[PDB]
Amino acid sequence: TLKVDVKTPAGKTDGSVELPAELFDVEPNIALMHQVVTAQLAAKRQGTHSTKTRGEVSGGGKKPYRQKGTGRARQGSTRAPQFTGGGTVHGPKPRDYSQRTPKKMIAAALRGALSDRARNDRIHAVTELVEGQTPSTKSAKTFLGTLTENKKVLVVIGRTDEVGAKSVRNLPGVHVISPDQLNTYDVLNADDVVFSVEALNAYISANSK
Amino acid sequence: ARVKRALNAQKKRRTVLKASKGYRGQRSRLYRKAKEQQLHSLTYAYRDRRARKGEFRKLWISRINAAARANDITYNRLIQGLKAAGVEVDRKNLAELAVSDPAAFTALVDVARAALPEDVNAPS
Amino acid sequence: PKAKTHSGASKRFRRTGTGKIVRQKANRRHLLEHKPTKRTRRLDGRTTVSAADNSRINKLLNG
Amino acid sequence: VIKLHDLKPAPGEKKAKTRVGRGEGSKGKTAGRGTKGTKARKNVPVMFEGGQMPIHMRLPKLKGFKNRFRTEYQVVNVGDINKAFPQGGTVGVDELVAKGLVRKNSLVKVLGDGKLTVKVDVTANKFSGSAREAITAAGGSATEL
RNA sequence: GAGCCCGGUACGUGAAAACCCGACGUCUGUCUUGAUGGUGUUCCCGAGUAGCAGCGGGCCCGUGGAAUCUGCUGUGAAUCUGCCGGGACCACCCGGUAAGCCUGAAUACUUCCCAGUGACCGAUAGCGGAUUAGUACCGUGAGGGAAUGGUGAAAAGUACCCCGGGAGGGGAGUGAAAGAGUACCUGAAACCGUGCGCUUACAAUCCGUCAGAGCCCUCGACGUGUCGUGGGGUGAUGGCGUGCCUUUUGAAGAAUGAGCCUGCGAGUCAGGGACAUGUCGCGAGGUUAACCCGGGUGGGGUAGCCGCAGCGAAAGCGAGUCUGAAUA
RNA sequence: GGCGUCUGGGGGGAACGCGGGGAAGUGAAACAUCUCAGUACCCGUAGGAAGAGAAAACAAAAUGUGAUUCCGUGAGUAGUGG
């Protein structure tokens with residue numbers, strides 16, 4: 001059981017969250033986390049690579065000269081692989097790279113990852129990043145300076161709280177996310193993780209039932 | 001994805017053709033011709049490494065035998081005598097003696113003369 | 001696509017509980033006028049497949 | 001702390017592909033096909049045996065038919081009853097589906113393999129006389145449908 | 001190698017006219033003279049059709065016991081106790097009411113257009129076509145069908161002089177560099193030559209290798225030149241020694257293939273496919289498909305499949321079952 | 001039939017569709033039935049989508065479903081087959 005203190009931009013604390021024990025005391029399985037991130041990246045990767053084999057190229061559909069009497073070798077098309085202009089043989093093709101990793105392996109990855117960060121005290125919470133309804137990236141940057149010094153960081157802000165997203169978007173390191181599409185690559189690439197409290201509550205009362 | 005092959009070949013070409021500076025003709029310019037000769041060459045080197053032992057030993061023996069025969073003893077009985085006398089010197093060094101210091105070699109000859117059997121063709 | 005099955009190997013080959021392969025036996029249909037009954041009697045029943053053809057038959061049955 | 005350059009699959013998981021026909025040190029000039037013949041140029045089927053009438057053409061066919069209107073039942077044995085009903089009591093198709101002893105669209109049957117000392121008011125479609133008697137001995141209700 | 005130079009992005013703006021969406025009011029119809037139920041019998045309920053026979057097509061179905069759907073000929077019925085189907089057929093029950101007609105949405109596709117993405121190529125690749133490209137050239141004709149990208153930051157593209165008929169070059173200049181001169185980024189090898197050192201015209205050489213005289217270069221310890229735990233180029237002379245690959249019982253082979261260089265050129269992909277085996281999660285349970293929501297790789301989705309009991313042709317029975325008169 | 005007037009159609013298109021016609025090399029280690037494939041190709045007509053479409057249907061005595069089409073499964077199964 002790990003406790004977190006919410007934090008405010010104006011220089012105060014509101015309250016404390018008492019995180020679960022089973023989500024955030026999982027022991028990581030490095031092979032599991034490896035497999036899953038590899039799958040994510042593979043499904044990201046698009047298969048725009050195609051080549052024209054011997055049967056799609058232009059021409060070649062006439063035996064260019066005799067079989068015998070000539071002196072030279074035997075040839076059946078002017079577009080075969082050994083020519084210069086000829087067909088690719090076993091080329092790239094447009095294909096899919098997704099692979100079907102299961103729900104339990106995925107979630108085990110995510111819980112183990114959040115545990116790896118929590119044990120090392122890199123999960124910070126916060127009510128908000130901003131004052132009312134006017135984005136200003138200088139605010140959020142100063143607040144993250146208060147709360148953090150590392151290069152890179154993750155931010156979990158919901159959908160409705162658009163101002164925090166619009167604010168912190170432009171920063172160099174930051175990589176913002178909604179907790180409905182919470183994943184593993186984006187967690188592990190970071191060093192610190194900033195949850196909103198609404199986000200934590202949603203995550204927890206969505207998983208726990 | 002497409003991988004031009006240039007470097008990955010140039011490497012071994014450079015190697016071989018460095019190792020064939022001295023060959024005479026198309027064995028000194030062209031990879032497909034120097035590769036073959038490198039096969040034959042390394043092989044002949046191997047074989048000669050195994051056989052220069054016998055070459056030198058042959059040489060040493062000829063020297064020893066001529067030295068002895070000018071001191072009026074045969075090689076075979078010389079080595080019989082040194083074996084009997086438990087003398088340990090090998091043939092490389094007997095030859096070196098023959099070249100440099102024939103006196104010491106004549107002394108060894110005399111030792112063997114002394115230590116040989118009396119009746120060399122006896123039935124013993 | 002899928003791996004299609006072999007009709008004959010499905011109609012002349014089954015599998016038991018523990019994975020054995022089973023067949024029937026030969027020279028039973030016709031010309032019984034002269035075949036003694038003991039010869040007609042060891043040909044009844046089923047019989048476990050040989051070793052040598054088990055693999056071939058697996059490959060035919062499954063795909 | 002973990003990063004992405006700190007992930008590594010388990011030992012022995014990944015394995016080096018055989019790239020065949022790229023060297024006379026590993027597999028060269030034949031690629032494990034040997035030399036000339038039908039298994040070198042192309043390949044060969046599985047259901048061809050030289051020319052002699054194959055096993056799947058010289059053995060008799062199995063006898064009979066199927067009766068397409070067969071009713072396969074899905075069984076439960078009393079062992080699993082005793083192993084997942086300590087308190088005993090009423091046991092229907094859904095009570096069984098709960099513990100995960102049969103399928104969802106099941107048409108059920110009851111059979112007396114294992115021991116029976118618990119008391120159970122079992123409901124199924126059809127039974128066996130061994131279950132009739134075993135329930136009779138453990139004092140229960142074998143009220144079939 | 002530009003967040004703060006430029007172009008532009010986040011963001012907000014903008015349309016006289018035309019075009020498309022609905023929105024309306026016109027305009028057009030349309031029911032309003034009406035309906036709910038009652039009650040006993042005649043009439044109608046899509047005709048050269050449905051059906052049957054003969055040749056045929058396609059349906060899981062190759063004429064088979066072969067329904068349903070159908071094409072051509074020939075024959076050819078009734079209207080509700082009517083008719084067609086429920087895998088020949090017959091009786092009962094069930095469902096439905098043919099031979100008249102229209103019907104959106106989910107679905108498939110991109111000549112063209114607009115905006116972007118890429119663990120796609122980067123001038124022998126990529127569209128055949130980065131260069132006049134379906135051109136030149138070939139063929140009578142249908143039809144085939146090529147090759148050629150790069151100066152440099154900006155042409156400041158060598159004014160002027162000398163040799164020469166001119167090309168071309170040497171100086172003088174530009175330029176950061178002309179080992180950037182409109183034959184121009186770099187600028188390999190084959191190939192073509194010029195110099196310097198050794199060696200070679202009494203010798204029989206798969207052209208090398210092991211020993212090695214002699215000469216020439218070099219590093220270092222020293223001493224008027226000198227050996228060395230040396231190293232490198234040539235190398236007289238001696239010994240040993242029958243090209244490479246493929247295919248062959250067996251090839252140096254007078255069996256095939258290769259003129260040489262450089263670049264290009266052959267176990268690949270799909271698929272909850274099959275079998276075997278490593279690894280990871282779960283564990284008597286395991287897992288989802290299509291799809292829906294998602295700026296993303298995430299959440300859901302129980303229809304399904306594999307296991308959990310089999311024997312038997314089958315009925316069927318069940319830790320037993322099949323055969324059999326039999327616990328034999 | 002002839003004369004006058006009025007409105008239509010006529011051909012091109014990269015794929016996609018519906019109706020009709022309609023092969024062969026291949027596989028079967030030969031081959032004709034079969035398969036390749038009702039694919040390629042040819043024809044006639046379209047549309048921005050098409051065609052089908054309102055039960056003379058399924059089903060099995062469950063008191064069931066309720067136009068059609070396209071996707072997943074059933075299923076490489078029941079079966080068919082020199």
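Residues numbered from 1 in each chain as written, not as in the entry; some residues may be left out. Chains lettered and ligands numbered in written order. Part of a larger assembly, values for the part shown. Heavy atoms only, no water.

For chain D, the PDB entry supplies the name 50S ribosomal protein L15 and the organism Mycobacterium smegmatis. This structure appears in the PDB under the title "Cryo-EM Structure of Mycobacterium smegmatis C(minus) 50S ribosomal subunit".

In the annotation of the PDB entry, chain C is listed under the name 50S ribosomal protein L35 and assigned to Mycobacterium smegmatis.

Let us look at the overall build of chain D. Across its full length, chain D carries five helices and five strands. Ordered by position from N to C terminus, the α and β elements of chain D give α-α-β-α-β-α-β-β-α-β. The principal-axis extent of the C-alpha atoms belonging to chain D is close to 80 × 70 × 25 Å. In chain D, buried positions account for 23% of the 145 residues. The long-range share in chain D, meaning contacts at least 24 apart out of those at least 6 apart in sequence, stands at 42%. In the structure as shown, chain D presents an accessible area of about 11100 Å², 50% of it carried by carbon and sulfur atoms. Across chain D, the 29 positively charged side chains and the 12 negatively charged ones have centroids separated by 17 Å. (Helix = DSSP H or I, 4+ residues; strand = E, 2+ residues; numbered from the N terminus. Buried < 20%, exposed > 50% of the residue type's maximum accessible area, 1.4 Å probe, protein only. Contact = heavy atoms within 4.5 Å. Areas by Shrake-Rupley, 256 points an atom, 1.4 Å probe, with all protein chains shown as cover. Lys, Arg positive; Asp, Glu negative; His and termini not counted. Charge placed at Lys NZ, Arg CZ, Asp CG, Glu CD.)

What follows deals with the arrangement of the chains. A comparison of contact numbers over the two pairs of chains in contact places chains C and D at the top. Between chain A and chain B there is no contact; the minimum C-alpha to C-alpha separation amounts to 9 Å.

The next thing to look at is the sheet that holds strand β4 (residues 153–156) of chain A. As a general point, the strands of a sheet are linked pairwise by backbone hydrogen bonds and lie either parallel or antiparallel. Residues and elements named next belong to chain A. With parallel pairing, four strands are arranged side by side in an open sheet as β3-β6-β4-β5. Two strands close off the open sheet at either side, each with one partner strand: β3 (123–126) and β5 (175–177). Within the sheet, the average angular offset between the axes of one strand and its neighbour, ignoring direction, is 20°. Relative to strand β6 (residues 192–196), β4 runs parallel, the two sharing four bridges. Within the sheet, the bridge partner assigned to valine 153 lies in β6 and is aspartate 192. Sheet contacts for helix α6 (residues 197–207): β3, β4 and β6; angle to β6, the most-contacted strand, approximately 85°. (Pairing = 2+ DSSP bridges. Axes fitted to C-alpha atoms, helices over the stretch in contact; angles between N-to-C directions.)

Time to look at the environment of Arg2(B). Checked against the element boundaries, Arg2(B) lands in the segment before α1 (6–18). Using a relative accessible area of 75% as the deciding quantity, one classes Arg2(B) as exposed.

Tallying the contact residues gives twelve residues for chain D and 15 residues for chain C. Interface area for chain D against chain C, summed over the two sides, is near 1500 Å², with a carbon-plus-sulfur share of 63%. When the buried surface of chain D facing chain C is broken down by residue, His56(D), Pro60(D) and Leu62(D) rank first, second and third, together holding 43% of it. Seen at the junction of chain D and chain C, the total is one salt bridge. The closest approach of N and O atoms between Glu49(D) and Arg56(C), which form a salt bridge, is 3.9 Å. (Buried area = accessible area lost by both parts, 1.4 Å probe. Salt bridge = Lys/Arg side-chain N within 4 Å of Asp/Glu carboxyl O.)

Attention now moves to empty space enclosed by the protein. Residue and element names in this part refer to chain D. Here the structure, examined in full by the defined rule, presents one cavity of 30 Å³ or more. By volume, the largest cavity amounts to about 140 Å³. As for the largest cavity, its lining consists of 16 residues, and the residues nearest its centre are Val78, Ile81, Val110, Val122 and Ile135. At three residues, strand β3 (residues 108–111) tops the list of elements feeding residues into the lining of the largest cavity. (1 Å grid on protein atoms, 1.4 Å probe; cavity = no way out; pocket = protein on both sides within 12 Å on 5 of 7 lines; lining within 4 Å. Points joined across faces, edges and corners; volume = space filled by probe spheres on them.)

It is worth spelling out the protein's contact with RNA strand E at this point. In the neighbourhood of RNA strand E, 99 residues make up the surrounding shell, with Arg45(A), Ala1(B), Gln37(B), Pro1(C) and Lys109(D) lying closest. Restricting attention to atoms of RNA strand E within 4 Å of the protein, one finds that 66% of them are sugar or phosphate atoms. Between a sugar or linking oxygen of RNA strand E and a main-chain N or O atom of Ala45(B), the distance comes to 3.2 Å. Counting residues per element, the ones that place at least two in the surface near RNA strand E are α1 (30–44) and α2 (103–119) of chain A, α2 (31–70) of chain B together with β1 (74–77), β3 and α5 (129–137) of chain D. Broken down by element, the surface near RNA strand E gets its largest block of residues, 13 residues, from α2(B). When its residues are assigned to classes, the surface near RNA strand E shows 24 nonpolar, 35 polar and 40 charged. (Near = heavy atom within 4 Å. Polar contact = N/O pair within 3.5 Å; in protein donor to acceptor, adjacent residues only side chain to side chain. Nonpolar A, V, L, I, M, F, W, Y, C, P; charged D, E, K, R; others polar.)

Further remarks concern the packing of aromatic side chains. Counted according to the given criterion, the structure contains one aromatic pair over all chains. The positively charged end of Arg45(A) is found above the aromatic ring belonging to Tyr97(A), 3.8 Å away from the centroid. The ring of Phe69(D) has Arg68(D) sitting right over it, with the charged end atom 5.1 Å from the ring centre. (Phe/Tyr/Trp six-rings, centres within 6.5 Å; stacked < 30°, edge-to-face > 60°. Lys NZ or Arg CZ within 6 Å of the ring centre and 35° of its normal.)

Once that is clear, we can look at the layout of surface pockets. Counted as a void, the largest pocket has a volume near 450 Å³. Surrounding the largest pocket, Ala1(B), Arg2(B), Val3(B), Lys4(B), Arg5(B), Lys17(D), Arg19(D), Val20(D) and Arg22(D) form its lining. Of the residues that constitute the lining of the largest pocket, the class distribution is three nonpolar, no polar and six charged.

Take the pattern of salt bridges next. Residue and element names in this part refer to chain A. Per the counting criterion, the structure on display carries six salt bridges over all chains. Close ionic contact of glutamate 27 with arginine 119 constitutes a salt bridge, the shortest N to O distance being 3.2 Å. One end of the pair, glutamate 27, is in the loop between β2 (16–18) and α1; the other, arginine 119, is in helix α2, and 92 residues separate them in sequence. Residue class for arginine 119 comes out partly exposed when judged on its relative accessible area of 39%.

The subject of this paragraph is a nonpolar patch on the surface. Residue and element names in this part refer to chain B. A cluster of nonpolar side chains, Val87, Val89 and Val111, forms an exposed patch at the surface whose accessible area comes to about 200 Å². Summarising the element assignment, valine 89 is placed in the loop between α3 (75–84) and α4 (91–100). According to the relative accessible area criterion, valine 89 is partly exposed, its value standing at 41%. (Patch = residues over 30% accessible without salt bridge, like charges linked within 9 Å, V, L, I, M, F, W, Y side chains within 5 Å.)

For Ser20(B), the location among the structural elements is in the loop between α1 and α2. Those residues in contact with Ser20(B) that sit more than four places away from it in its chain are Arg27(B), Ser28(B), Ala34(B) and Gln38(B).

Residues and elements named next belong to chain A. Core analysis: the largest hydrophobic core is formed by 31 residues, its most contacted members being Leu19, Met33, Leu154, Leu182, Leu188, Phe195 and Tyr203. It is α2 that contributes the most residues to this core, five residues altogether. In this structure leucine 19 touches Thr1, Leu2, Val4, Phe24, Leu200 and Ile204, once residues within four positions along its chain are discounted. (Core = buried A, V, L, I, M, F, W, Y, C linked by side-chain atoms within 4.5 Å.)

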